[PDB]
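Asker: Chains as they are written, first to last, in the authors' numbering: chain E3, 1 to 98; chain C3, 1 to 65; chain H5, 4 to 144; chain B3, 103 to 172; chain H3, 4 to 56; chain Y3, 1 to 227; chain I3, 68 to 119.
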RNA sequence: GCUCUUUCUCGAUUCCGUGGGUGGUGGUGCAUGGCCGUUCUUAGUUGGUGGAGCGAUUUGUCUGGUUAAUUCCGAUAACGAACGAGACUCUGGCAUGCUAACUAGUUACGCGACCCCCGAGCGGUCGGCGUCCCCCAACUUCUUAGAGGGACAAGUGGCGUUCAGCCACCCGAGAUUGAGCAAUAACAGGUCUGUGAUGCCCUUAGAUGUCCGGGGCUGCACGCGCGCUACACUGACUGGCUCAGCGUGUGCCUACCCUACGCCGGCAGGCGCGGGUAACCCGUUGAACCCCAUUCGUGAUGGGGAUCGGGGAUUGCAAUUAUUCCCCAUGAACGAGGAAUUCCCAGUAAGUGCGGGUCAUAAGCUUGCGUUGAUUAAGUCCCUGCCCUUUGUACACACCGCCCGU
Ligand SMILES: [Zn+2]
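#1: Using CA coordinates, which residue listed in 106 (chain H5), 42 (chain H5), 101 (chain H5) and 144 (chain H5) is at the minimum distance from residue 72 (chain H5)?
#2: Can you tell me whether DSSP reads residue 132 (chain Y3) as helix, strand or coil?
#3: Which one or two residues does DSSP pair with residue 75 (chain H5) in a beta bridge?
#4: State buried or exposed for residue 87 (chain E3), treating a residue as buried only when at least 16 other CB atoms are found within 10 Å of its CB.
#5: Cβ of residue 40 (chain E3) versus every heavy atom of ligand 1: is any distance shorter than 7 Å?
#6: Confirm, please, whether the CB-CB distance from residue 98 (chain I3) to residue 106 (chain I3) is below 8 Å.
#7: Taking Cβ to Cβ, would you say residue 122 (chain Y3) is nearer than 8 Å to residue 105 (chain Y3)?
#8: Could you compute how far the alpha carbon of residue 35 (chain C3) sits from the alpha carbon of residue 53 (chain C3)?
#9: Is there a C-beta anywhere in chain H3 that falls below 8 Å from the one on residue 108 (chain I3)?
#10: Within 10 angstroms of its Cβ, does residue 31 (chain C3) collect 16 or more other Cβ (buried), or is it exposed?
#11: Under 8 Å, Cβ to Cβ, is there at least one residue of chain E3 near residue 22 (chain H3)?
#12: Apply the 10 Å Cβ neighbour rule to residue 110 (chain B3) and answer buried if 16 or more other Cβ atoms are within range, or exposed otherwise.
#13: Answer yes or no: the CB of residue 26 (chain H3) versus the heavy atoms of ligand 1, is any distance below 7 Å?
#14: May I have a chain-ordered list of the beta strand (DSSP E) segments no shorter than 3 residues that lie completely inside the segment 51-93 of chain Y3?
#15: So, helix, strand or coil for residue 26 (chain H5), using DSSP?
#16: Inspect the beta-carbon positions of residue 103 (chain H5) and residue 57 (chain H5) and report whether they are closer than 8 Å.
#17: Assuming residue 33 (chain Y3) and residue 98 (chain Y3) make a contact with CB atoms under 8 Å, what is their CB distance in whole Å?
#18: Check whether the segment 201-220 of chain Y3 touches the segment 40-55 of chain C3, taking contact to mean three or more Cβ pairs, one atom from each stretch, closer than 8 Å.
#19: Would you check if the distance between the CB atom of residue 30 (chain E3) and the CB atom of residue 41 (chain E3) is smaller than 8 Å?
#20: At a Cβ cut of 9 Å, what residues of the segment 21-38 of chain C3 count as close to chain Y3, listed as they run along the chain?
#21: Does the contact criterion of 3 or more C-beta pairs under 8 Å hold for the segment 72-85 of chain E3 versus the segment 39-59 of chain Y3?
#22: May I ask you to list, following chain order, the residues of the segment 14-27 of chain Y3 that have a beta carbon less than 7 Å from some beta carbon of chain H3?
#23: Out of 113 (chain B3), 164 (chain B3) and 172 (chain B3), which one is the CA nearest neighbour of residue 153 (chain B3)?
#24: Within the 8 Å Cβ cut-off, does residue 25 (chain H3) reach chain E3?
#25: Chain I3 beta carbons: is any one of them nearer than 8 Å to that of residue 16 (chain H3)?
#26: Give the DSSP-derived three-state secondary structure of residue 41 (chain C3) in the structure shown.
#27: Is the segment 7-25 of chain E3 close to the segment 38-55 of chain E3, with three or more CB pairs under 8 Å?
#28: Less than 8 Å between the beta carbons of residue 12 (chain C3) and residue 61 (chain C3), yes or no?
#29: Look up residue 69 (chain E3) in the DSSP assignment and give the residues it is bridged to.
#30: State yes or no: is the beta carbon of residue 65 (chain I3) nearer than 8 Å to at least one beta carbon in chain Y3?
#31: Where residue 10 (chain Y3) and residue 16 (chain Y3) are concerned, what is the direct C-alpha to C-alpha distance, given to the nearest angstrom?
#32: Roughly how many whole angstroms lie between the Cα atoms of residue 6 (chain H3) and residue 139 (chain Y3)?
#33: Taking the alpha-carbon positions, what's the residue 23 (chain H3) to residue 30 (chain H3) distance?
#34: Under three-state DSSP, which class holds residue 34 (chain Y3)?
#35: Against chain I3, does residue 42 (chain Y3) count as a neighbour if the rule is that its beta carbon must be under 8 Å from one of theirs?
#36: Output yes if chain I3 places a C-beta closer than 8 Å to the C-beta of residue 11 (chain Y3); else output no.
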């Protein structure tokens with residue numbers, strides 16, 4: 001439900017591991033997609049993320065009982081300092097033609 | 001046993017006999033093959049309904065223009 | 004002659020004479036009180052029906068072999084009149100059907116062939132065609 | 103059961119109709135065919151009529167469930 | 004916590020819902036579609052279904 | 001998918017994924033000239049083509065919007081990393097895809113001009129593009145506080161039978177005006193008799209063509225000549 | 068009718084499917100050549116080696 | 001560990017008032033979108049230029065014959081065009097012709113074998129196989145589905161202004177299978193209870209949000225509308241007998257599929273188990289009424305199978321207000337149904353059975369399939385209604401109209 005801090009950082013790493021993070025709307029499945037090994041019950045991605053979206057650092061979408069949350073480019077600087085990771089500009093963008 | 005062939009068939013057939021009147025004859029089977037060669041008829045059915053009017057129309061023209 | 008040239012409805016009666024003449028296959032302790040299916044409302048009027056039932060299922064093995072309990076229960080079926088609701092199909096009894104097949108085993112009539120389907124022994128066929136030589140010899144349509 | 107009978111009474115006939123052509127004279131067809139056709143057409147010609155589809159509304163093809171009037 | 008989800012729903016009409024509108028009435032389940040009636044009608048074209056007959 | 005699912009389910013699951021993808025895609029490419037996508041199982045690969053005209057969004061700075069949207073699919077539809085990549089294409093003729101017109105009509109309605117000046121412009125463009133016909137229907141609270149309808153027509157407009165399966169293109173989009181929701185229906189008759197950009201079953205059932213005879217051009221009096 | 072009202076009117080959707088099966092008797096790399104250039108339409112190709 | 005009570009931690013992601021309500025099967029389908037139904041299953045509908053009327057409007061859209069059809073030929077102050085019809089798609093027919101088939105037929109054969117004197121036959125050849133084969137057999141009639149092909153008032157004769165066409169007949173699928181598709185203008189026709197499609201209002205912590213528990217949506221003096229069962233002897237009980245076609249069926253964002261075969265159990269069921277992601281095993285789908293025998297004997301009889309008691313199993317977190325299914329047993333209402341009224345004209349009515357759908361438990365319902373197979377029509381506006389034209393009107397939310405006097 002609420003108040004993990006050692007178990008809220010878990011999603012943040014995925015959110016910057018790739019500039020997107022898909023989800024679902026069902027709240028009862030602890031089988032969270034994309035390596036949920038840190039005991040995330042599919043919440044905290046539709047509880048804390050509505051905070052992240054409402055600030056302007058990530059962007060939201062809905063498609064058939066789903067969410068397609070996008071990390072904005074200018075949210076990288078915000079989510080580089082709270083994560084206090086090295087100064088880097090590569091969430092998922094090699095910035096070359098693939 | 002037969003229907004009114006609508007303005008599609010009547011107009012299509014009248015041009016054929018007006019453009020290839022010499023290559024046509026009395027018998028339907030002869031006319032069916034001729035029509036396909038000289039016209040791009042989209043449907044098999046209507047080709048046999050256009051060829052139907054053409055042979056009926058030739059029976060008309062031999063009996064007073 | 005062969006089974007495929009004689010009247011079947013009287014043929015099963017003919018073999019119902021033979022298993023009365025052998026009279027040693029078995030007769031189950033429950034022949035009095037069973038129903039022969041789950042849909043009937045009254046047990047057969049003839050009490051000696053085991054000679055009849057075993058005449059049929061053994062006979063059907065001669066024409067569509069490889070049949071187990073199911074292919075013998077499927078043939079034994081009819082309307083299952085639930086009364087107010089519409090009727091249906093309901094298969095015949097299971098246990099009553101197999102006890103025939105086991106009883107034929109003791110008489111060595113039928114056997115479990117390859118594919119685990121009851122078939123008929125080459126001595127078993129001799130009995131079925133032999134009685135055919137009698138009904139055929141005494142009846143011309 | 104009846105369907106099979108109306109098949110065998112045709113197949114057997116069309117067997118002999120087809121047989122007599124391939125190894126016997128064509129007249130042997132006509133002395134038989136005409137006696138066959140002048141008795142029953144179906145023994146030479148198959149029954150084309152076959153069951154047609156069912157429409158929603160009506161247990162059959164063209165019956166209907168009744169209509170309720172206030 | 005313990006009473007938030009106490010319902011053993013590996014069956015019943017609460018288990019299956021339309022995979023589009025989160026609703027639970029009038030469902031297609033023929034081929035795993037799980038969709039309701041309407042969301043199938045609105046999408047029959049693109050799946051490959053034809054109003055042909 | 002671990003026992004090689006039956007053919008019926010697997011083919012209908014092809015459509016659903018091709019259905020999920022499209023409804024999601026139009027929610028992002030709405031401000032762009034999205035038209036509709038196609039996916040094929042290329043040898044040991046997978047490629048999804050975004051048929052669009054306002055491509056400058058999808059091209060991405062050195063290919064980043066492609067990088068942004070490929071990932072959001074792999075994380076969702078279970079695709080393994082290393083075989084799914086999206087390629088973009090340009091629909092060189094855009095005056096004949098109904099979706100492009102429909103959104104551009106939703107585009108111009110929300111932009112803040114009257115419906116009557118906006119629709120005829122789309123109605124003109126779909127004629128300056130060239131089509132055997134076209135039709136736009138705008139329904140809702142166009143004026144006042146009551147629902148009316150409005151209909152634009154020209155050109156041939158078939159309405160029944162098989163040909164509508166491949167000539168006529170229709171599309172619906174809900175516009176969110178300040179007073180509620182309104183709808184747009186756009187229909188376009190496609191002309192190509194030869195193989196155009198989007199090949200139809202080109203001929204038309206009512207069109208019966210005739211060609212030049214080229215006979216009796218000579219009396220053909222008796223002449224003999226040995227080739 | 069979606070959920071509200073109407074004379075009892077029913078769609079009858081369809082969805083057809085077909086199949087063709089072939090055997091080839093040669094080294095199997097030659098087949099992979101011919102079948103590589105043909106994936107262009109929406110057609111399924113599953114090629115076995117065990118007579119399944 | 002809701003609280004009372006307090007002991008443990010994530011520790012500044014919690015916690016309190018102001019601001020914004022995300023949320024909602026809450027109200028308004030008389031604010032809407034979209035989707036359907038209906039007007040209307042008939043044949044109807046517009047505009048460009050032209051003529052008429054000052055004008056609303058009109059002509060084109062018709063005097064006539066003709067057809068399922070404003071479908072034609074015609075007639076013509078109108079000409080040239082678009083929609084609907086038709087044209088198109090699917091489906092059924094039949095093609096002894098075509099490319100093909102161990103996941104189909106093969107089946108005709110070789111009789112390569114195996115078996116019963118199993119019979120005319122001393123016996124072989126014959127008839128049969130419940131069978132057994134590898135492809136180094138023969139193919140494709142049936143099985144499947146691709147291209148084909150085929151029918152078009154064509155051949156002939158009548159009737160017709162002798163144009164459109166109709167009637168009859170050898171030929172044969174004689175133009176004729178059934179549908180899908182569907183215009184103009186609308187309805188304050190249904191749906192905000194399908195939707196992250198949505199305006200406004202209601203409400204948001206003592207929640208109209210959600211989750212959980214037990215109940216209720218099914219309760220009985222009543223009247224209603226779709227339906228299964230019969231009232232019986234052409235029938236019911238019992239035995240034998242033999243035939244079908246659409247589909248359907250297992251790990252999916254998710255919890256369980258179809259079922260042979262051997263044993264236990266009367267049965268309902270159970271236990272090992274061996275196939276199937278399927279022309280492969282279910283399933284050569286060896287279904288029913290119907291076909292042949294016994295019993296019942298006009299009698300509420302065994303027809304009828306309601307109600308009630310006792311028992312025996314199944315799916316499930318939970319069967320009690322009985323989930324289903326089995327067994328014994330009670331054996332009622334009903335003697336072919338008033339006034340009314342619906343559905344139908346060919347493999348249709350009508351009978352019987354089987355799939356799909358809902359479905360953990362499952363159909364008296366509905367969506368489809370096949371089997372058995374008529375009588376009565378080839379017509380008319382008499383009733384309820386529809387399309388076009390001529391006339392009438394004090395009607396225009398349009399006869400469900402308007403309107404008169406004590
Ligand atoms: Zn839905």
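From the three backbone atoms N, C-alpha and C, an ideal C-beta is built for every residue, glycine too.
Answerer: The structure says:
#1: Ranking 106 (chain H5), 42 (chain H5), 101 (chain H5) and 144 (chain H5) by Cα distance to residue 72 (chain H5) puts 101 (chain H5) first.
#2: coil
#3: The partner list for residue 75 (chain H5) (beta bridge, DSSP) is empty, contrary to what the question assumes.
#4: exposed
#5: Every heavy atom of ligand 1 is 7 Å or more from the Cβ of residue 40 (chain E3), so no.
#6: no
#7: yes
#8: 12 Å
#9: no
#10: The residue in question, residue 31 (chain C3), is buried, as its Cβ has 16 or more Cβ neighbours within 10 Å.
#11: For residue 22 (chain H3), the answer is yes, since a Cβ of chain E3 falls inside 8 Å of its Cβ.
#12: exposed
#13: yes
#14: 85-90
#15: coil
#16: When the beta-carbon positions are compared, residue 103 (chain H5) and residue 57 (chain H5) come within less than 8 Å of each other.
#17: Going by Cβ atoms, the distance from residue 33 (chain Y3) to residue 98 (chain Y3) rounds to 12 Å, so no, they are not a contact pair.
#18: yes
#19: yes
#20: Listed by position, the residues of the segment 21-38 of chain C3 near chain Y3 (Cβ gap below 9 Å) are 22, 23 and 38.
#21: Cβ pair count under 8 Å is below three, so no.
#22: If the cut-off is 7 Å between Cβ atoms, the segment 14-27 of chain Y3 has 15, 16, 18, 19 and 22 near chain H3.
#23: 164 (chain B3)
#24: yes
#25: no
#26: coil
#27: Output reads yes: the segment 38-55 of chain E3 touches the segment 7-25 of chain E3.
#28: no
#29: 21 (chain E3)
#30: Outside the modelled stretch of chain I3, which goes from 68 to 119, sits residue 65 (chain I3), for which no answer is possible.
#31: 10 Å
#32: 49 Å
#33: 11 Å
#34: strand
#35: At a cut-off of 8 Å between C-beta atoms, residue 42 (chain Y3) counts as an interface residue with respect to chain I3.
#36: yes
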